[PDB]
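Per the deposited numbering, the sequence shown runs over residues 13 to 165, 171 to 312. Built from N, CA and C at the ideal position, the CB exists for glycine as well. Okay, so here's the structure we're looking at.
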Amino acid sequence: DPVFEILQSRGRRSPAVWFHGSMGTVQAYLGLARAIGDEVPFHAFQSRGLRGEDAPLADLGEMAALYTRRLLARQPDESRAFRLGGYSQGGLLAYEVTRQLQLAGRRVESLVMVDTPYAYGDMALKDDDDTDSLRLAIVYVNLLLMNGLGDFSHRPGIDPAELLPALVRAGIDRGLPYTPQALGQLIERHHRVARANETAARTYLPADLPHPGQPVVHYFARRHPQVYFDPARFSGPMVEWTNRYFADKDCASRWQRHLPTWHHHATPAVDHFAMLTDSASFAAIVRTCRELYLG
Numbered sequence: 013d014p015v016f017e018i019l020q021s022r023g024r025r026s027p028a029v030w031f032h033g034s035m036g037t038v039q040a041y042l043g044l045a046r047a048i049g050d051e052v053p054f055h056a057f058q059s060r061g062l063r064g065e066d067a068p069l070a071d072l073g074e075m076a077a078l079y080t081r082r083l084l085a086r087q088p089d090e091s092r093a094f095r096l097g098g099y100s101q102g103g104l105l106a107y108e109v110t111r112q113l114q115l116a117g118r119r120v121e122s123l124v125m126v127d128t129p130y131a132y133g134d135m136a137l138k139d140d141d142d143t144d145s146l147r148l149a150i151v152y153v154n155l156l157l158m159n160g161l162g163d164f165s171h172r173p174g175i176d177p178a179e180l181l182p183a184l185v186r187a188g189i190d191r192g193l194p195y196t197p198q199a200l201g202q203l204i205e206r207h208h209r210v211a212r213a214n215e216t217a218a219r220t221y222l223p224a225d226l227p228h229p230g231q232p233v234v235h236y237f238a239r240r241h242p243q244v245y246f247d248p249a250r251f252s253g254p255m256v257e258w259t260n261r262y263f264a265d266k267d268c269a270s271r272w273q274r275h276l277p278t279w280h281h282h283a284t285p286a287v288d289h290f291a292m293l294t295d296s297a298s299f300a301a302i303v304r305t306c307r308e309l310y311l312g
């Protein structure tokens, strides 16, 4: 109820269950759910702490356990295999939920990961102005996208103290339906959730699945490992740190080591943030989910 959302209720096949990215929200998956369509229920988990009702979790194992408990209670027939997936951190959650479900004696028949970075455990960043400013800008755009009011289309070095009130003004101007005060609170709440999810992801160290080969795994990759952020929609120290960090990483190969029943999908998505909006990327994801979920 606070964490569990039904995005597309209809159909008699086993549900697709997807997990939030680091923003904690699931609205980004409505397009996918509609494209898969009325024969397949589409369910998703959002972060505790969005409705302001509780403290956000900052531990990947602990949030996965929450979601696992809910799935076990909603689906008491142990012979039905789960269908899991997620974009970004949501793929990480899908993995850890697969692990905990297997520990609980359940099967996962398929796992979709959309540009999920491998969990290397070595991002040791403290919060500074630069990290907060970028995170705020990303939270803002997520609220825009959440109302169809804008695209990823932030100056470098800006202090969050100047940035946060400018995001409030731009949001009102682009037509977000809130008072200044209310939007400011929503941005801060969403920012807290994002920061906790990032902590969760950065500190996680994936354990092995009991049955590594059991799920059929489809992994979709952005076009270039070293372009996590497109360097003509993004600049500044944190953007450059992120691109440098992933430039020498092969996240798909690291995931394949845990998940041997493996299907790799290259996409032309410009950067990490374009996986669901790049048309060729999105369509490949849709075509795959249709094959996986419609028998």
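Task: Beta-carbon proximity check, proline 227 vs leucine 276, cutoff 9 Å - done: No, the Cβ-Cβ distance between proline 227 and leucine 276 is not below 9 Å.
- [ ] Could you tell me whether the Cβ atoms of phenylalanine 246 and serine 298 are closer together than 9 Å?
- [x] no
- [ ] State the Cα-Cα distance for the pair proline 14 and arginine 63, rounded to the nearest angstrom.
- [x] 7 Å
Open item on the list: Measuring CB atoms only, is the region 149-158 touching the region 113-130, in the sense that at least three cross pairs come out at less than 8 Å?
Closed with: no
Task: CA-to-CA distance, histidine 32 to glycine 102, given in whole angstroms - done: 5 Å
Task: Rounded straight-line distance, which links the Cα of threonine 143 to that of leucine 69 - done: Cα-Cα distance, rounded: 19 Å.
Task: Straight-line Cα distance separating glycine 174 from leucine 184 - done: 15 Å
TODO: Confirm, please, whether the CB-CB distance from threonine 220 to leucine 72 is below 9 Å.
DONE: yes
- [ ] Please report how far the alpha carbon of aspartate 89 lies from the alpha carbon of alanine 56, in whole angstroms.
- [x] About 19 Å.
TODO: With distances taken Cα to Cα, identify the nearest neighbour of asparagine 159 among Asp50, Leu193, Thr278.
DONE: Checked all of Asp50, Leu193, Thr278; the closest Cα to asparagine 159 is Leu193.
Task: Inter-residue Cα distance where the pair is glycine 23 and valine 52 - done: 5 Å
Open item on the list: With three or more beta-carbon pairs closer than 8 Å as the criterion, would you say the region 32-46 touches the region 92-102?
Closed with: These segments touch.
Task: Per-residue DSSP class, three states only, for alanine 283 - done: Strand, per DSSP.
Task: Identified DSSP bridge partners for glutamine 87 - done: None; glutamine 87 has no bridge partner.
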